Amino acid sequence: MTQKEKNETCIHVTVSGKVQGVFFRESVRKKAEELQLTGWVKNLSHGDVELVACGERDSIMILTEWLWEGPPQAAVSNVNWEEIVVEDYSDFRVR
Ligand SMILES: [Cl-]
């Protein structure tokens with residue numbers, strides 16, 4: 001494997017709770033960028049926040065812990081993640 005291939009993976013996450021009207025999408029993108037992760041995030045209508053995050057595993061695991069807190073005024077009730085088949089992204093975007 002290349003070093004990037006060896007040292008990186010991807011996860012898929014859903015985040016439940018009070019996650020609307022608190023700029024959750026933007027906060028995930030900003031946090032991900034600070035952790036040098038790529039992927040995407042959206043707010044499912046009437047539902048959970050959903051994201052894919054790819055990059056180094058330490059960063060991934062810092063993100064998954066942070067998702068229990070979220071941005072100010074967020075009230076997260078659950079974070080459900082799994083590692084997935086790797087997908088290629090050049091940046092982290094809101095969707
Ligand atoms: Cl974006």
# chains A, B, ... in the order shown; residues from 1 in each chain; ligands from 1
call {"tool": "residues_around", "arguments": {"residues": "residue 74 in chain A", "least_positions_apart": "2", "cutoff": "9 Å", "atoms": "only C-alpha atoms", "output": "PyMOL selection string"}}
result
chain A and resi 17-24+69-72+76
call {"tool": "residues_around", "arguments": {"residues": "range 44-51 of chain A", "least_positions_apart": "2", "cutoff": "10 Å", "atoms": "only C-alpha atoms", "output": "PyMOL selection string"}}
result
chain A and resi 11-20+24-25+28-29+39-42+53+76+78-81+92-95
call {"tool": "write_last_selection", "arguments": {"atoms": "N, CA and C atoms", "output": "compact mmCIF listing (two decimals), in the first residue's frame"}}
result
# COMPACT_ATOMS: atom_id res chain seq x y z
N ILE A 11 -15.27 6.59 7.11
CA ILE A 11 -16.41 6.16 7.92
C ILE A 11 -17.69 6.84 7.45
N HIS A 12 -18.82 6.22 7.74
CA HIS A 12 -20.13 6.80 7.51
C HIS A 12 -20.80 6.97 8.87
N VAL A 13 -21.47 8.10 9.08
CA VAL A 13 -22.03 8.43 10.38
C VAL A 13 -23.44 8.98 10.26
N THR A 14 -24.30 8.61 11.21
CA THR A 14 -25.54 9.35 11.44
C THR A 14 -25.54 9.88 12.87
N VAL A 15 -26.03 11.11 13.03
CA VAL A 15 -26.05 11.78 14.32
C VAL A 15 -27.48 12.20 14.61
N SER A 16 -28.01 11.74 15.74
CA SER A 16 -29.39 12.03 16.10
C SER A 16 -29.48 13.00 17.27
N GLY A 17 -30.63 13.66 17.39
CA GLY A 17 -30.88 14.57 18.49
C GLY A 17 -31.42 15.90 18.01
N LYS A 18 -31.17 16.94 18.80
CA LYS A 18 -31.45 18.30 18.38
C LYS A 18 -30.30 18.73 17.49
N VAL A 19 -30.48 18.58 16.18
CA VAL A 19 -29.40 18.82 15.23
C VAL A 19 -29.80 19.79 14.12
N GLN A 20 -31.00 20.36 14.23
CA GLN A 20 -31.47 21.34 13.26
C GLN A 20 -31.40 22.76 13.83
N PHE A 24 -25.35 22.75 12.04
CA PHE A 24 -24.62 21.49 12.24
C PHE A 24 -23.74 21.11 11.04
N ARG A 25 -24.28 21.22 9.83
CA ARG A 25 -23.52 20.92 8.61
C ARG A 25 -22.23 21.71 8.55
N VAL A 28 -19.57 20.66 11.15
CA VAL A 28 -18.91 19.40 10.81
C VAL A 28 -17.84 19.64 9.74
N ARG A 29 -18.18 20.41 8.71
CA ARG A 29 -17.20 20.72 7.66
C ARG A 29 -15.98 21.42 8.24
N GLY A 39 -14.67 14.45 2.57
CA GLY A 39 -15.97 13.82 2.59
C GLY A 39 -17.10 14.82 2.47
N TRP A 40 -18.21 14.55 3.14
CA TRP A 40 -19.39 15.40 3.02
C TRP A 40 -20.32 15.27 4.21
N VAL A 41 -21.20 16.26 4.37
CA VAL A 41 -22.17 16.24 5.46
C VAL A 41 -23.48 16.86 5.01
N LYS A 42 -24.58 16.29 5.46
CA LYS A 42 -25.88 16.89 5.20
C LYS A 42 -26.79 16.75 6.40
N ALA A 53 -16.65 10.72 6.30
CA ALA A 53 -15.38 11.37 6.60
C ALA A 53 -14.24 10.42 6.28
N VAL A 76 -26.96 16.41 21.01
CA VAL A 76 -26.81 15.12 20.34
C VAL A 76 -27.19 13.96 21.26
N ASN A 78 -27.29 10.57 19.95
CA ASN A 78 -26.57 9.38 19.52
C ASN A 78 -25.66 9.66 18.34
N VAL A 79 -24.55 8.94 18.29
CA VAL A 79 -23.65 8.96 17.15
C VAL A 79 -23.42 7.52 16.74
N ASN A 80 -23.79 7.21 15.50
CA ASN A 80 -23.70 5.84 15.00
C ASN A 80 -22.78 5.85 13.80
N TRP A 81 -21.64 5.19 13.90
CA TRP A 81 -20.69 5.20 12.79
C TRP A 81 -20.21 3.80 12.42
N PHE A 92 -13.84 18.63 1.87
CA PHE A 92 -15.01 18.32 2.68
C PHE A 92 -16.10 19.34 2.38
N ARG A 93 -17.25 18.86 1.93
CA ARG A 93 -18.31 19.76 1.48
C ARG A 93 -19.61 19.56 2.22
N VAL A 94 -20.38 20.64 2.36
CA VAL A 94 -21.77 20.48 2.77
C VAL A 94 -22.60 20.05 1.57
N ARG A 95 -23.61 19.22 1.83
CA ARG A 95 -24.55 18.80 0.80
C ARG A 95 -25.97 19.10 1.24
call {"tool": "residues_around", "arguments": {"residues": "residue 31 in chain A", "least_positions_apart": "3", "cutoff": "10 Å", "atoms": "only C-alpha atoms", "output": "JSON, numbers by chain"}}
result
{"A": [26, 27, 28, 34, 35, 36, 37, 59, 62, 63, 66, 67, 70, 71, 92]}
call {"tool": "write_last_selection", "arguments": {"atoms": "C-alpha atoms", "output": "mmCIF file, in the first residue's frame"}}
result
data_model
loop_
_atom_site.group_PDB
_atom_site.id
_atom_site.type_symbol
_atom_site.label_atom_id
_atom_site.label_comp_id
_atom_site.auth_asym_id
_atom_site.auth_seq_id
_atom_site.Cartn_x
_atom_site.Cartn_y
_atom_site.Cartn_z
ATOM 1 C CA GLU A 26 -21.161 23.885 8.608
ATOM 2 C CA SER A 27 -19.697 22.926 11.996
ATOM 3 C CA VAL A 28 -18.914 19.397 10.808
ATOM 4 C CA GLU A 34 -9.286 21.314 10.949
ATOM 5 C CA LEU A 35 -8.642 17.580 11.252
ATOM 6 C CA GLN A 36 -7.591 17.277 7.591
ATOM 7 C CA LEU A 37 -10.523 15.033 6.700
ATOM 8 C CA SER A 59 -8.468 12.441 13.056
ATOM 9 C CA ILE A 62 -11.313 12.701 17.237
ATOM 10 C CA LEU A 63 -14.222 13.646 14.959
ATOM 11 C CA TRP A 66 -16.598 15.489 18.968
ATOM 12 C CA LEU A 67 -19.874 14.585 17.246
ATOM 13 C CA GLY A 70 -21.467 19.228 18.214
ATOM 14 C CA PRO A 71 -21.688 23.019 17.791
ATOM 15 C CA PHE A 92 -15.012 18.317 2.679
#
call {"tool": "select_by_dssp", "arguments": {"residues": "chain A", "states": "strand (DSSP E)", "output": "ChimeraX atom specification"}}
result
/A:8-18,38-43,49-56,75-84,92-94
call {"tool": "residues_around", "arguments": {"residues": "residue 86 in chain A", "least_positions_apart": "2", "cutoff": "7 Å", "atoms": "only C-alpha atoms", "output": "number ranges by chain"}}
result
A: 9-10, 84, 88
call {"tool": "write_last_selection", "arguments": {"atoms": "N, CA, C and O atoms", "output": "PDB file, in the first residue's frame"}}
result
ATOM      1  N   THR A   9      -8.607   5.887   6.120  1.00  0.00           N
ATOM      2  CA  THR A   9      -9.800   5.116   5.817  1.00  0.00           C
ATOM      3  C   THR A   9     -10.998   6.053   5.771  1.00  0.00           C
ATOM      4  O   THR A   9     -10.842   7.266   5.856  1.00  0.00           O
ATOM      5  N   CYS A  10     -12.192   5.495   5.629  1.00  0.00           N
ATOM      6  CA  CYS A  10     -13.404   6.300   5.599  1.00  0.00           C
ATOM      7  C   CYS A  10     -14.440   5.719   6.550  1.00  0.00           C
ATOM      8  O   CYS A  10     -14.487   4.501   6.763  1.00  0.00           O
ATOM      9  N   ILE A  84     -16.237   2.211   6.263  1.00  0.00           N
ATOM     10  CA  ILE A  84     -16.793   1.833   4.969  1.00  0.00           C
ATOM     11  C   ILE A  84     -15.711   1.588   3.914  1.00  0.00           C
ATOM     12  O   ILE A  84     -14.532   1.905   4.115  1.00  0.00           O
ATOM     13  N   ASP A  88     -12.996   8.337  -2.639  1.00  0.00           N
ATOM     14  CA  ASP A  88     -12.021   9.402  -2.868  1.00  0.00           C
ATOM     15  C   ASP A  88     -12.686  10.776  -2.872  1.00  0.00           C
ATOM     16  O   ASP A  88     -13.612  11.018  -3.646  1.00  0.00           O
TER      17      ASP A  88
END
call {"tool": "atom_distance", "arguments": {"atom1": "CA of residue 68 in chain A", "atom2": "CA of residue 90 in chain A"}}
result
25.6 Å
call {"tool": "atom_distance", "arguments": {"atom1": "CA of residue 38 in chain A", "atom2": "CA of residue 73 in chain A"}}
result
24.8 Å
call {"tool": "select_by_dssp", "arguments": {"residues": "chain A", "states": "alpha helix (DSSP H)", "output": "number ranges by chain"}}
result
A: 3-7, 24-34, 57-66
